[PDB]
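Counting from 1, the numbers follow the sequence of the chain as shown. What's counted below: heavy atoms across the whole structure, side chains too, no hydrogens, waters or symmetry copies. Note that ligands are numbered from 1 as they come in the structure, with each ligand's atoms numbered from 1 the same way.
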Amino acid sequence: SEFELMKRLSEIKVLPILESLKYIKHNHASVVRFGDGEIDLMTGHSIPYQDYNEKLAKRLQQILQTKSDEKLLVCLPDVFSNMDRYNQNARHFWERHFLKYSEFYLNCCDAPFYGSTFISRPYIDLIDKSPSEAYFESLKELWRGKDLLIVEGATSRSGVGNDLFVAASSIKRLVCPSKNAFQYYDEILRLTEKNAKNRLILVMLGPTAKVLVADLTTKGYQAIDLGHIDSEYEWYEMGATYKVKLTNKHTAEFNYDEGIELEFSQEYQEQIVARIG
Ligand SMILES: O=c1ccn([C@@H]2O[C@H](COP(=O)(O)OP(=O)(O)O)[C@@H](O)[C@H]2O)c(=O)[nH]1
Ligand SMILES: [Mn+2]
């Protein structure tokens, strides 16, 4: 029975958002997050913004086997216990997901603990949004007073038009393709390294982000996979109750980057070190 698989899967232990953040800070750890799309890719499917690629799938599988330590926190969706935190559509989505991949989760995810993939998703799927302010405040402490290198796609525009990164000392951006970034992986890694001197690296780049963080970490850098944090922050700032489309940039869960009306932001443009693609 699926019910019995649900119970068995609750053996997986995830540190929820605030606990994950305490871990990252205490340890100055890199962070890689596995979401539903990564599992889809690893098992042979194409996902929003990234076509199936066998080399990518293999790297993702290797990275998932890495133990979490003071250098790197490996994260999973925080859905194996206390699912009642999430709204009905999210609960259904996630249970369907881990039931489909029960064999994957039961067999490949045997570490003593994982961080939360939802460090990038601190608002919209929660029934009780009261803790979200605290979540975002804790997140911001990661980059307060830091020089940042943000590696993201052309539509991501993380922090653009909002105050998410206002307390960062400086921002440089490596702007990559908004879809199929893995095709340019070697160049992305090469230019990230070149520009990372004395910077904290934040990556918003789908499955490619996980490989980048893994490789940067092996080279001794702290790099944090932050995914869709910008969409969540925008929804939080407007007090959104549902996933509303942003007009000026990519929006999480809108899976084709359609209908985007781009603006010219001099400040954003001046932050761009190079474009890849
Ligand atoms: O080839 C790609 C794949 C995705 N992204 C960006 O990656 C971010 C989302 O990353 P992820 O899937 O890790 O987000 P999560 O939902 O797990 O927070 C968004 O800004 C996308 O625009 C990108 O720019 N290029
Ligand atoms: Mn996602």
Taking 4.0 angstrom as the limit and counting only heavy atoms of [X], give me the atoms of ligand 1 inside it, by number and element.
{"X": "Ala181", "answer": "1 (O)"}
{"X": "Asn180", "answer": "1 (O)"}
{"X": "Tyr49", "answer": "1 (O), 2 (C), 3 (C)"}
{"X": "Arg121", "answer": "16 (O), 18 (O)"}
{"X": "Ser156", "answer": "6 (C), 19 (C), 20 (O), 21 (C), 22 (O), 24 (O)"}
{"X": "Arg33", "answer": "11 (P), 13 (O), 14 (O), 15 (P), 17 (O), 18 (O)"}
{"X": "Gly153", "answer": "24 (O)"}
{"X": "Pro177", "answer": "1 (O), 2 (C), 23 (C), 24 (O), 25 (N)"}

Practice problem: Flag the pair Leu73 / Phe113 as yes when at least one side-chain heavy-atom distance between them is below 4.5 Å, and no otherwise. | Solution: yes
Quiz item: Are the ring centres of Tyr86 and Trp94 closer than 6.0 Å?
Solution: no
Quiz item: Is the gap between the ring centers of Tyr256 and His250 under 6.0 Å?
Solution: no
Taking the non-hydrogen atoms of [X], is any one of them nearer than 4.0 angstrom to ligand 1?
{"X": "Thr208", "answer": "no"}
{"X": "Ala209", "answer": "no"}
{"X": "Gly35", "answer": "no"}
{"X": "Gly37", "answer": "no"}
{"X": "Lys210", "answer": "yes"}

Quiz item: Applying the 4.5 Å side-chain criterion to the ILVMFWY set and letting contacts propagate, would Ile47 and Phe254 be lumped into a single cluster?
Solution: no
Return yes or no for this condition: an N or O of [X] is under 3.5 Å from an N or O of ligand 1.
{"X": "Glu38", "value": "no"}
{"X": "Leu205", "value": "yes"}
{"X": "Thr155", "value": "no"}
{"X": "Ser178", "value": "yes"}

Self-check item: Check against ring pair (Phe, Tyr, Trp, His ring centres under 6.0 Å), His97 and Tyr105
Solution: CA-CA 10 Å; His97 171 81; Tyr105 281 112; 5.6 Å; yes
Starting from [atom], which protein heavy atom do you reach first, and at what distance in Å?
{"atom": "atom 6 (C) of ligand 1", "value": "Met204 O, 3.6 Å"}
{"atom": "atom 4 (C) of ligand 1", "value": "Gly206 N, 3.4 Å"}
{"atom": "atom 16 (O) of ligand 1", "value": "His228 ND1, 2.8 Å"}

Using a strict threshold of under 4.0 Å (side-chain N to carboxylate O), is an ion pair present between [Y] and [X]?
{"X": "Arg121", "Y": "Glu253", "value": "yes"}
{"X": "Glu141", "Y": "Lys25", "value": "no"}
{"X": "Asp125", "Y": "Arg85", "value": "no"}
{"X": "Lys22", "Y": "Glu19", "value": "yes"}
{"X": "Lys249", "Y": "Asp230", "value": "yes"}

Exercise. Quick one: which residue pairs count as a side chain to side chain donor-acceptor pair (under 3.5 Å) with a foot in residues 182-191, not counting sequence neighbours?
Key: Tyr185-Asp215
Quiz item: Can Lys129 be said to sit on top of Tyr123's aromatic six-ring, NZ or CZ under 6.0 Å from centre and within 45° of the ring axis?
Solution: yes
Self-check item: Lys179 contact mode with ligand 1 (heavy-atom cut-off under 4.0 Å)
Solution: backbone
N/O donor to acceptor pairs below 3.5 angstrom from side-chain atoms of residues 29-42, sequence neighbours left out:
from, atom 1, to, atom 2, distance (Å)
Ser30, OG, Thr217, OG1, 2.8
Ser30, OG, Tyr221, O, 3.1
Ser30, OG, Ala223, N, 2.9
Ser30, OG, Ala223, O, 3.4
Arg33, NE, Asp225, O, 2.9
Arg33, NE, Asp225, OD1, 3.4
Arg33, NH1, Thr117, O, 3.1
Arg33, NH1, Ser120, OG, 3.0
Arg33, NH2, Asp225, OD1, 2.9
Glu38, OE1, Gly35, N, 2.8
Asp40, OD1, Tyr101, OH, 2.6

